[PDB]
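**Student:** Below you will find the structure I want to go over with you.
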Amino acid sequence: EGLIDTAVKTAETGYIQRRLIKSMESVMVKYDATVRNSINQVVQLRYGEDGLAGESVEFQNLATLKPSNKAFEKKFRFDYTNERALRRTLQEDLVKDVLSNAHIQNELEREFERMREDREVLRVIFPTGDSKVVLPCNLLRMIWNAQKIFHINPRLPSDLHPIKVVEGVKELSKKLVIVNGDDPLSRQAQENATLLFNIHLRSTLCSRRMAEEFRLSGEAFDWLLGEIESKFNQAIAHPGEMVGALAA
Amino acid sequence: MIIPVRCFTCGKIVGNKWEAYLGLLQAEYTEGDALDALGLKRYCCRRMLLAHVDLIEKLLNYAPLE
Amino acid sequence: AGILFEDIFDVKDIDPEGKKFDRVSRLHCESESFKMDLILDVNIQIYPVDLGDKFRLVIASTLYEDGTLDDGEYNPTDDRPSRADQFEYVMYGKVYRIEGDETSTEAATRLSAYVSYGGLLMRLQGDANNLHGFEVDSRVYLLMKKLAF
Amino acid sequence: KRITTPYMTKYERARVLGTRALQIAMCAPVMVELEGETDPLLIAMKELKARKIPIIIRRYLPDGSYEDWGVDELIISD
Amino acid sequence: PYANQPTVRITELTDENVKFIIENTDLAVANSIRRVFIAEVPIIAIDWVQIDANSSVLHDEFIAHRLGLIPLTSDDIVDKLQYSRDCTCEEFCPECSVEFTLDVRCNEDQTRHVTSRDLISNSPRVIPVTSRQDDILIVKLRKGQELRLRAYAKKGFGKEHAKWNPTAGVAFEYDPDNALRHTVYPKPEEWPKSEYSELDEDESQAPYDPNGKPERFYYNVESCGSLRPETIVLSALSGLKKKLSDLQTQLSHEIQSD
Amino acid sequence: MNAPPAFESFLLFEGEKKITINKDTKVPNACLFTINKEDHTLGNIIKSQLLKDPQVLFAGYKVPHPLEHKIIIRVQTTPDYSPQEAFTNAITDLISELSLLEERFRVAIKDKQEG
Amino acid sequence: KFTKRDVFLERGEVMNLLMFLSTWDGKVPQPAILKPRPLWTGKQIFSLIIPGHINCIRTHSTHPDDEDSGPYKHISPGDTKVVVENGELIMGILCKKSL
Amino acid sequence: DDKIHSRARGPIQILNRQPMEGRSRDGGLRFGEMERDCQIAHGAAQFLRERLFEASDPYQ
Ligand SMILES: [Zn+2]
Ligand SMILES: [Zn+2]
């Protein structure tokens, strides 16, 4: 029985593969960063609905997905009232700045509001609570490498103001571009495409987690941003790659 | 077809023992006794007298002339 | 000096969960003064040990008395004094995790140094006072000697 | 007003290296000091690393337009 | 920072094999000496057969193959002859080879048994193992067939071909009791005791020994019949010494040239 | 059809050197001795003999490919003891030990016969 | 079997294995057990084979699930829970899950 | 020895000027359509055109 099954499979799968290959043999990614065919008919405005190569993508997890409302509040809010916790995490020359200054407090509140919005988007987009998702850059591995290189020693008060993290994330959210162009439609498409990756980046890089579990310093965070941007740039889908044959 | 000259594994000469082996088996001795009577300790050299097939006889049956 | 820790211990249980390997066993030892736990893993084959035996474990950052902070490399041809001359079992590893009972407000009171001697693990759990010399990603030794008593 | 990616794809890099190697093998002037090697492909790789290849790539767009990019203008991947 | 003082003791001396023991030596030297016993041992053998008329039933090359495996005694001839490759003449000179001849033709009615005894050698001492026990059967001829040829013998070693392999089987063994734990028995009780085991029948294996080097290497060199066992050992030692001397000379020349 | 002959395992070819010295650049006082047309017979004994010498910090050989007849021996001694003299001393003492072993075996044999 | 906790090698074996390393820096690592005799460990030798400063975590085939929840999480009796830091093997036994 | 085979501009057929087939006739291997699909997947158009035109049957 097994031998007969193998013989028929060896005869049927070849024809199946041939038909699959002869239907997408001309599809490719043109230099306009879009997938078309020999008739120049657009099949996808971006390869794989994102425009990224399939080689530089790894499984990851969404921390801000499927939490509890009470846990989500005590993990991404960065309470600025308990000065003892700040002294334990941040240095003395930052606790006073984060307390007295109200602009930092407003900025952190806005960050938490954006985080909540991203969590709602993920819930309405990823039903059934599936944390396992595929994204280009493994931020946890990068953070671990930064810790092991710069010798963070996550016991001492680190020197990294939350505003630095916020501005760094905002700039990295601008540098990573997929749909070039200042046109409103171009910006809308860029936001739509690079949406899940930005949500994951914000969820991993926060003001509380960065100062409790990672304790990265300014130089470490700058190196992390550089590494992330370089890896995302390398992860882009190279135009002129026959994706039809690869899919077949 | 014909008894080899040496054991493939060991190397001991076994070609000069086929006739003696047949004679000992014919007289009264058995195989398990004849093998160690000839001087074959290792089990690798004992296959040459047990596994060997004597096909040269059938070949000689087809005498060219007379 | 470089003595990161110094204390006498005693063996009280070996491989409680059943000896897994054949040359390594768990040594659930206890202290006598500082009251600290110990899960050292010694090579039972070359250095046999039975229950009730006491030994002087001394975690040192270097083997020299003057403390020159050796780079780390096997150089047997060396005439300099070595602290290993008075120990029957020495090892070399690198601590990789310092867990403790820390909180969000008040500092920790009990730490737990996790050091791996190239595969042989050891957890020096105890108070957070005598473990000040342990920092993640740092080379350390063992320097244990069985006491005849 | 070029909108193509500012990075050199692997296909373009390979083709440029091959073309420069072929040209060098046909007795063409080099654009870098030779440290004592003879393989034309190695010389082409050294020139690419030194960003001195006298070639400009014309990336055709689906509509019909094109953009001329120079090897010493865009960033090299490898 | 020098060598050691090995000792030797023969336990059984016969004309077919020797069982000696080497003590106070490194394992590498012992294993090298073994591999030299098997591979690098000068010995004479058949390596050039000129067949003029072979009417037997076997192949033309079969005769040459069988003749190549016939041992030849070289107790005092191997050390005198030189390798044919390094000869300074043409044709197989007797000074660097030994000639053989075989001319048998079955005339009577009964079938012939062409044995090694038919190999008429020109030299007296270079003869197949038939001095002092049947002879190596080459082929069987019948009335009407014949086998005429002449072959030459040359010096060679096992590394080139198995024909120059004097030793039948070397029984190399050290540390009979598993004291150095070089092998871990899952169930020691299920294994038999080695021939050289001094341990009693109660204990299965000797206890562990941390500070212990391998010594007391046992040997059972078994001669095929061509070269004597002790002669094989002496030739192997001389050849290894010559190889080391040549390597030392080459190294000295290389250092001086630099 | 492409099987190599049997003399290419021990016989030197015209132009090939029996031994070549090459100094290493990663650490001081370290040279790699490359031998041509040899096997483990002539490298394992030298490795062990070098191991005996305490002034040799590192010693070990290898076979780049079994079909190729070549072995590389890497030696690293103390800065006040070059590896060339280490190799020479290892060969010399090994030869002396083998000669002594041969003499002892010969006298033992001659005494064993009727004695 | 080379990366088990109960693997010990002598200076001769270690120096013989290092010869088969196309990226060795030329320095002998400090043995895991200096006295009573210099003995290396399989994991320590395998660390030199790992290039760069890699960091990853993997689980062994025979890893009991009821181990992370209870104590002995970072110190596994069965030598599981592969942990690599700075391109050096620290814990666990390598298998298909990691290689 | 009965399976080893090689080729370097060997004999050509008469109908379609392409290499022969079979070890005995000293022919070249077939570059099947699946190999063509694999090469397209690699995007190596130059290698594909070479294998299909330069070393297969050049003609003007
Ligand atoms: Zn046998
Ligand atoms: Zn001659």
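Chains as they are written, first to last, in the deposited numbering: chain E, 845 to 1092; chain S, 1 to 66; chain W, 2 to 150; chain P, 50 to 127; chain V, 2 to 133, 145 to 270; chain Y, 1 to 115; chain F, 547 to 645; chain H, 1056 to 1115.
Built from N, CA and C at the ideal position, the CB exists for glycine as well.
1. Mind checking whether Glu266 (chain V) and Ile21 (chain Y) have CB atoms under 8 Å apart?
2. Any residue with its Cβ nearer than 6 Å to a heavy atom of ligand 2 should be included. What is that list in chain order?
3. Answer with yes or no whether the minimum CB distance from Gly60 (chain Y) to chain F is below 8 Å.
4. Beta-carbon distances below 6 Å to any heavy atom of ligand 4 define the shell here; list its residues in chain order, please.
5. Contact criterion: CB-CB distance below 8 Å. Does residue 1117 (chain H) meet it with respect to chain P?
6. Quick test of your reading: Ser126 (chain P) and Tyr56 (chain P), contact by CB under 8 Å. State the CB separation rounded to the nearest angstrom.
7. Where in the stretch 217-255 of chain V do unbroken runs of the beta strand (DSSP E), each at least 3 residues long, occur, reported from the N-terminal end onward?
8. Closer than 7 Å between beta carbons: that is the criterion. Which residues of the stretch 53-81 of chain W meet it against chain Y?
9. Should the stretch 82-94 of chain W be called in touch with the stretch 71-81 of chain P, which here means at least 3 C-beta pairs below 8 Å?
10. Should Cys981 (chain E) be labelled buried (16 or more other beta-carbon atoms within 10 Å of its own) or exposed?
11. Let me make sure I understand the geometry here. Which of E:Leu1020, E:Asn1077, E:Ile1043 and E:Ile1007 has the alpha-carbon closest to that of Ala946 (chain E)?
12. State yes or no: is the C-beta of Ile148 (chain V) within less than 8 Å of the C-beta of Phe101 (chain V)?
13. Need the endpoints of the beta strand (DSSP E) that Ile9 (chain W) sits in, please.
14. Please state whether DSSP places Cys88 (chain V) in a helix, a strand or coil.
15. Where are the alpha helix (DSSP H) runs, 4 residues long or more, that stay fully inside the stretch 69-130 of chain V, in chain order?
16. Check the DSSP bridge columns for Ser139 (chain W) and list the partner residues they point to.
17. Quick check: the stretch 34-50 of chain S against the stretch 209-224 of chain V, are at least 3 beta-carbon pairs closer than 8 Å?
18. From which residue to which residue does the alpha helix (DSSP H) around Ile848 (chain E) run?
19. If we ignore side chains and look at the alpha-carbon of each, how far apart do residue 1 (chain W) and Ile996 (chain E) end up?
20. Where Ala6 (chain Y) and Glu172 (chain V) are concerned, what is the direct C-alpha to C-alpha distance, given to the nearest angstrom?
21. What whole-angstrom Cβ distance do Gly101 (chain W) and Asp38 (chain W) have, given they're in contact under 8 Å?
22. For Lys21 (chain W), would you say it is in contact with chain F, using Cβ-to-Cβ distances shorter than 8 Å as the test?
23. Taking a contact to mean a Cβ-Cβ separation below 8 Å, would you say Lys976 (chain E) touches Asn1042 (chain E) in this structure?
24. What does a CB cutoff of less than 6 Å around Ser26 (chain W) pick up in its chain, not counting 5 residues either side in sequence?
25. Pick out whichever of Y:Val107, Y:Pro83 and Y:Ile91 has its Cα sitting closest to the Cα of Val30 (chain V).
26. So who's on the other strand from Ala1079 (chain E), going by DSSP bridges?
27. Using a Cβ-Cβ cut-off of 8 Å, state whether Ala6 (chain Y) counts as contacting chain V.
28. Check each candidate in W:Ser32, W:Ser62 and W:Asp11 and name the one with the smallest Cα separation from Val50 (chain W).
29. Compile a chain-ordered list of the residues in the stretch 72-96 of chain Y whose CB is closer than 7 Å to at least one CB of chain F.
30. Counting only beta-carbon atoms, is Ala929 (chain E) nearer than 8 Å to chain W?
31. Taking Cβ positions, are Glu74 (chain W) and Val574 (chain F) nearer each other than 8 Å?
32. Would you call the stretch 69-89 of chain Y in contact with the stretch 52-68 of chain V, where contact means no fewer than 3 C-beta pairs closer than 8 Å?
33. Using 8 Å as the limit for Cβ to Cβ distance, is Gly1082 (chain H) near chain P?
34. Rounding to the nearest angstrom, what Cα-Cα distance links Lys1019 (chain E) and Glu1073 (chain E) in this structure?
35. Report buried or exposed for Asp16 (chain V), applying the criterion of at least 16 other Cβ atoms within 10 angstroms of its Cβ.
**Tutor:** To lay it out plainly:
1. yes
2. V:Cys88, V:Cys90, V:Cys94, V:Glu96 and V:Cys97
3. yes
4. Among the ligands in the structure shown, ligand 4 does not appear; only ligand 1 and ligand 2 can be found there.
5. The displayed coordinates of chain H run from 1056 to 1115. Any statement about residue 1117 (chain H) would go beyond what the structure contains.
6. 6 Å
7. none
8. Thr78
9. no
10. buried
11. E:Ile1007
12. no
13. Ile4 to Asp11
14. coil
15. none
16. W:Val96
17. no
18. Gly846 to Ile865
19. Residue 1 (chain W) is absent from the structure shown; chain W starts at 2 and stops at 150.
20. 5 Å
21. Their Cβ separation, rounded to whole angstroms, is 13 Å, which puts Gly101 (chain W) and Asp38 (chain W) out of contact at 8 Å.
22. yes
23. no
24. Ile15, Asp16, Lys20 and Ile45
25. Y:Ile91
26. Its beta-bridge partners do not exist; DSSP assigns none.
27. yes
28. W:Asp11
29. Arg74
30. yes
31. yes
32. no
33. no
34. 8 Å
35. exposed
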